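Examination of the molecular architecture
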Number of protein chains: 2
Amino acid sequence: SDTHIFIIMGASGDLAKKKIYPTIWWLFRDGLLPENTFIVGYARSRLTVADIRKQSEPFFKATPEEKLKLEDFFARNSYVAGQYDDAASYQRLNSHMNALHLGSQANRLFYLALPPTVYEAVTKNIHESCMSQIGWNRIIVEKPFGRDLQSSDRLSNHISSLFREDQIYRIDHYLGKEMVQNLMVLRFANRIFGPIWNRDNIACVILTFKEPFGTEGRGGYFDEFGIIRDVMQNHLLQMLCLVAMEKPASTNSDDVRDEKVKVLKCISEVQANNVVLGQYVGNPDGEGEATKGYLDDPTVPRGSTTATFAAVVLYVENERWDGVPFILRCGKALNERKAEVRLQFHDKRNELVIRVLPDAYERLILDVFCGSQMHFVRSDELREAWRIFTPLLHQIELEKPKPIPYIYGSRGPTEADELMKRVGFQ
Amino acid sequence: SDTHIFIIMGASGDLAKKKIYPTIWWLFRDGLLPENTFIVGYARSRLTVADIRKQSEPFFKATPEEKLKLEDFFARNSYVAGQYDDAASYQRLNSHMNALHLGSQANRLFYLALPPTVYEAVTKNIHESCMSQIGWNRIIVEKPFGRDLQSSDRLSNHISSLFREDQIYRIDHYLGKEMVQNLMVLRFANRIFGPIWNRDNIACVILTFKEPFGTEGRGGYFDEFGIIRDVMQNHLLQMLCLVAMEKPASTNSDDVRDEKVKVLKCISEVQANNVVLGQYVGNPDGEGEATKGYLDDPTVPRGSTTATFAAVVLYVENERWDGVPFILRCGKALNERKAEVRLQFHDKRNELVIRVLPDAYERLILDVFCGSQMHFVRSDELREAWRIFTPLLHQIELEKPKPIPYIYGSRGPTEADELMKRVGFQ
Ligand SMILES: NC(=O)c1ccc[n+]([C@@H]2O[C@H](COP(=O)([O-])OP(=O)(O)OC[C@H]3O[C@@H](n4cnc5c(N)ncnc54)[C@H](OP(=O)(O)O)[C@@H]3O)[C@@H](O)[C@H]2O)c1
Ligand SMILES: NC(=O)c1ccc[n+]([C@@H]2O[C@H](COP(=O)([O-])OP(=O)(O)OC[C@H]3O[C@@H](n4cnc5c(N)ncnc54)[C@H](OP(=O)(O)O)[C@@H]3O)[C@@H](O)[C@H]2O)c1
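Cut-offs used in this document
Residues numbered from 1 in each chain as written, not as in the entry; some residues may be left out. Chains lettered and ligands numbered in written order. Heavy atoms only, no water. Pairing = 2+ DSSP bridges. Helix = DSSP H or I, 4+ residues; strand = E, 2+ residues; numbered from the N terminus. Axes fitted to C-alpha atoms, helices over the stretch in contact; angles between N-to-C directions. Contact = heavy atoms within 4.5 Å. Domains from an automatic or database assignment. Buried area = accessible area lost by both parts, 1.4 Å probe. Salt bridge = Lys/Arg side-chain N within 4 Å of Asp/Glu carboxyl O. Polar contact = N/O pair within 3.5 Å; in protein donor to acceptor, adjacent residues only side chain to side chain. Nonpolar A, V, L, I, M, F, W, Y, C, P; charged D, E, K, R; others polar. Least-squares fit on C-alpha atoms. Buried < 20%, exposed > 50% of the residue type's maximum accessible area, 1.4 Å probe, protein only. Near = heavy atom within 4 Å. Areas by Shrake-Rupley, 256 points an atom, 1.4 Å probe, with all protein chains shown as cover.

Method of determination for the deposited model, per the PDB record: X-ray crystallography, at 3.9500 Å resolution.

So this is what it looks like as structure tokens:
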């Protein structure tokens with residue numbers, strides 16, 4: 001229809017006031033939201049809309065001449081309070097949404113801006129209380145999608161036992177304002193260079209994600225993940241899929257995601273001999289945040305063996321690719337801010353390099369509004385990535401191997417380049 | 001065999017003392033010449049080897065410790081004097097070559113460092129006087145290979161009436177020390193991206209040759225050619241061939257040159273509507289040779305309509321390429337020193353970019369020594385390029401259209417970009 005309700009499960013946290021309210025503001029200001037779109041937040045802290053405004057207007061970049069549009073925006077805003085496992089609270093939320101103009105028939109988009117530890121509760125109550133009877137119901141879940149195959153499997157099974165896959169939207173948007181253009185141009189490259197990309201012409205493919213900045217006083221949150229769960233298992237693996245995939249049956253989201261799943265189902269579990277881990281130490285001669293290392297961050301626990309750099313070799317095992325090594329190299333606190341995919345050819349060796357107005361996160365919100373699931377990891381697709389990376393992560397958490405120390409600013413630990421050479425790179 | 005004689009027809013000119021003596025020195029110093037190689041020069045001016053040495057040693061970059069190798073080098077040197085159409089002079093040359101150690105059986109490589117106006121004479125006398133009876137005989141001819149289809153045809157017919165094609169080596173080496181790597185990597189790219197390069201995936205191909213420097217006090221020699229005869233008709237057309245060619249039957253020089261000829265035989269004669277010509281004027285705000293324009297060069301005749309920039313659209317007409325425009329854009333005195341080939345794809349539009357120890361000219365001398373004709377335009381291949389570009393050049397010399405004036409440092413006359421847009425570039 002034409003009436004939409006944007007439920008924000010958790011308006012009192014960072015992601016709410018720092019981004020999603022600003023981003024929805026930015027889409028409304030530019031006339032990109034549906035004309036009949038209400039924004040309804042919901043958390044336990046009792047507070048007025050004006051409190052959200054006083055504590056989240058700084059981040060809007062508002063200018064005096066455009067503020068009347070903002071007044072209409074906040075007329076669209078409303079907020080109610082309640083618990084996350086209180087049936088009466090969800091009933092109050094549902095009745096308040098029904099009270100809005102045409103809220104009975106309206107589409108409902110639930111953004112779970114909550115720590116996944118409460119998801120099991122929320123997804124339940126919504127399912128039995130707040131789902132629309134006429135319009136569609138789409139839920140946006142947030143990272144982490146578990147931390148291993150078992151936890152991710154239990155969470156995804158719980159969520160998919162209540163919502164069809166065309167209602168589950170797993171969003172990921174923390175690696176740059178050009179995050180969607182990456183996958184878009186990589187899909188275009190797979191559609192163009194489809195016939196060339198075989199084991200006959202290519203000897204090795206690499207996928208690189210370098211960042212020049214460290215954790216920057218926030219290594220405490222990064223310490224509970226690791227560089228494998230933060231960059232590799234989700235994004236680099238998705239672009240590996242996009243590189244190695246077959247020609248899709250069409251341009252539907254589900255067909256290309258089927259091809260990505262088919263690619264993932266051919267990658268065996270990575271083992272430690274094909275893995276090089278590294279941790280960045282403070283640069284003695286640099287200045288600024290360059291002087292501090294990973295362990296010099298106060299939020300990082302002492303003795304942390306968490307890797308902030310990883311080089312991993314995977315192999316797609318079919319007829320198109322066999323023995324062709326896919327080298328995923330990523331790392332915080334490096335020499336450049338580079339995100340590229342280089343395919344080296346069977347012959348100095350020659351290689352093809354693929355380097356990178358709706359801006360990423362906004363593009364993603366608009367995809368869930370229109371309904372295109374193109375860029376969201378699908379539930380069965382995730383299980384395969386977690387299967388690939390789970391034994392290695394269990395081994396790392398069990399044995400806790402000391403990551404190779406590398407100097408802040410270096411390209412990486414020399415063992416990574418040695419690993420590349422062992423498999424056949426030069 | 002093992003004995004070689006390097007005849008240099010014309011040791012008293014620039015190309016002799018500035019390059020070919022230095023280059024052969026550089027190949028001997030590095031042990032790249034055959035061990036039994038004699039260097040024998042020949043021109044009308046009577047002079048000793050020591051005069052060539054006193055006037056060409058500056059250009060050798062000799063260092064005190066390496067000069068004993070140079071003494072052996074000049075022991076290999078010798079020189080005789082005579083006319084270019086005097087039978088007795090060529091008889092003296094032949095007897096002197098026979099006098100050398102094993103000179104009767106030795107291979108003979110004739111380098112015609114002479115203005116082509118005497119070629120007809122030289123190539124005759126050699127054919128009847130100085131060709132070896134046991135070893136091979138290879139002649140290196142030099143630009144210009146004529147100036148239109150008729151003159152080039154008469155010259156090539158005269159030369160090929162005396163020497164087989166595996167004896168004629170048309171050398172071209174004035175556009176950079178990386179001139180051979182260009183064609184090498186372009187051949188590799190054709191062998192790799194063969195299946196992709198069709199009219200289905202590609203909408204437009206461009207081939208760019210930009211130079212940031214002007215004529216630099218030597219516009220008098222450039223004025224008799226034009227930018228079409230200096231860059232486009234020879235080099236850019238060769239790399240167009242290398243891009244659009246089919247898969248060769250093997251890796252022989254003659255098979256790939258057959259493919260290049262097959263490509264050339266499908267390009268019709270270019271007409272003025274697909275041509276944009278430009279002449280560089282002095283930059284008022286720049287400094288140095290930037291202040292002077294093309295007409296400010298004293299060696300340039302007043303009122304010269306010679307084009308120093310050209311943008312030309314050609315079309316290969318077969319089944320692999322049809323309606324696919326090949327845009328050859330070249331120009332002296334520009335913004336960058338760039339030599340690239342960009343293939344634009346059928347969709348912002350995406351494009352594939354191909355940009356560029358034996359160093360070019362040395363690599364070429366070594367190819368004629370070993371005998372690989374890979375990088376030398378073959379006699380039947382040249383005729384096709386001259387056929388393509390002859391009507392346009394006749395029209396330019398007849399009507400003398402004033403080239404579009406463009407500012408020194410600009411990308412080029414706006415009419416070139418307009419021409420690109422007319423054919424379908426964006
Ligand atoms: N790179 C990443 O992976 C990344 C980065 C940023 C955010 N995120 C995800 O984004 C989501 C939003 O989190 P946030 O960082 O923006 O802020 P947040 O403080 O984690 O959560 C926002 C709201 O959640 C409720 N909440 C927090 N902890 C709770 C608990 N233990 N029990 C019940 N309710 C609780 C509170 O609402 P009330 O107290 O008002 O009820 C709080 O204001 C999280 O799921 C987080 O994982 C991920
Ligand atoms: N970009 C280009 O196209 C380019 C650039 C450089 C050179 N070249 C070619 O390289 C070749 C070498 O020429 P160069 O520039 O190095 O010097 P050059 O002075 O043209 O020729 C060298 C020798 O040729 C003889 N010679 C010159 N004009 C003659 C004439 N009208 N009749 C008879 N003999 C004559 C003289 O020998 P003696 O007086 O001792 O007998 C002279 O020392 C030429 O064919 C030229 O076209 C081309």
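This brings us to the sheet that holds strand β10 (residues 325-331) of chain B. All names here are of chain B. Here we have 7 strands laid out as an open sheet, ordered β12-β11-β7-β10-β9-β8-β13, and mixed in their pairing. Here the strands that pair on one side only, and so sit at the sheet edges, are β12 (351-355) and β13 (404-407). Averaged over neighbouring strand pairs, the angle between their axes works out to 20 degrees when direction is ignored. Helix α9 (residues 227-244) rests against β7 (202-210), β8 (275-281), β9 (309-315), β10 and β11 (339-345) of the sheet, and its axis sits at about 145 degrees to β10.

This part covers the domain arrangement of chain A. Residue and element names in this part refer to chain A. Here chain A is described as being made up of domain 1 (3-142) and domain 2 (179-423). When each unit is reduced to the centre of its C-alpha atoms, the spacing between domain 1 and domain 2 is 33 Å. Listed per partner, the contact involves 15 residues of domain 1 and 8 residues of domain 2. Together domain 1 and domain 2 conceal approximately 1000 Å² of surface at their shared face, both sides included; 80% is due to carbon and sulfur atoms. For the domain 1 face of the interface with domain 2, the top three residues by lost area are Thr23, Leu27 and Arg138, together amounting to 38%. Viewed at the interface, domain 2 and domain 1 are joined by 0 salt bridges. Scanning the region where domain 1 abuts domain 2 turns up 3 residue pairs in polar contact. At the level of secondary structure, the elements contributing two or more residues to the side of domain 1 that touches domain 2 comprise β1 (3-9), α1 (14-29), β4 (107-112) and β5 (137-141). Looking at side-chain class alone, the side of domain 1 that touches domain 2 contains 11 nonpolar, 2 polar and 2 charged residues.

With that settled, consider the relation of the copies chain B and chain A. Each copy of the sequence occupies a distinct position, and chain B is placed on chain A by a rotation of 180 degrees and an axial shift of 0.0 Å, giving an RMSD of 0.0 Å. Taken together, the rotation and translation relating the two chain copies correspond to the operation of a two-fold axis. Taken as a fraction of all interface residues of chain B, those also at the interface in chain A reach 100%, which identifies the copy contact as same-surface.

Turning our eyes to something else, we now look at the side chain of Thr3 of chain B. Residue and element names in this part refer to chain B. Relative to the assigned elements, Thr3 resides in strand β1 (residues 3-9). The exposure class assigned to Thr3 is buried, which follows from its relative accessible area of 6%. Excluding residues that lie within four positions of it along the chain, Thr3 makes contacts with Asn36, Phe38, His101, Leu102, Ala106 and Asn107.

A few words on the site of ligand 1. Residues and elements named next belong to chain A. Inspection of the region around ligand 1 gives 19 residues, with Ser12, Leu15, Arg44, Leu114 and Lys143 positioned closest. Within the backbone of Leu114, an N or O atom sits 2.4 Å from an oxygen atom of ligand 1. One of the side-chain N or O atoms of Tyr174 is found 3.4 Å from a nitrogen atom in ligand 1. Across the complex, the protein chains shield 71% of the 900 Å² of accessible surface that ligand 1 would expose by itself. Here the residues of the shell around ligand 1 are counted per class, giving 12 nonpolar, 3 polar and 4 charged.

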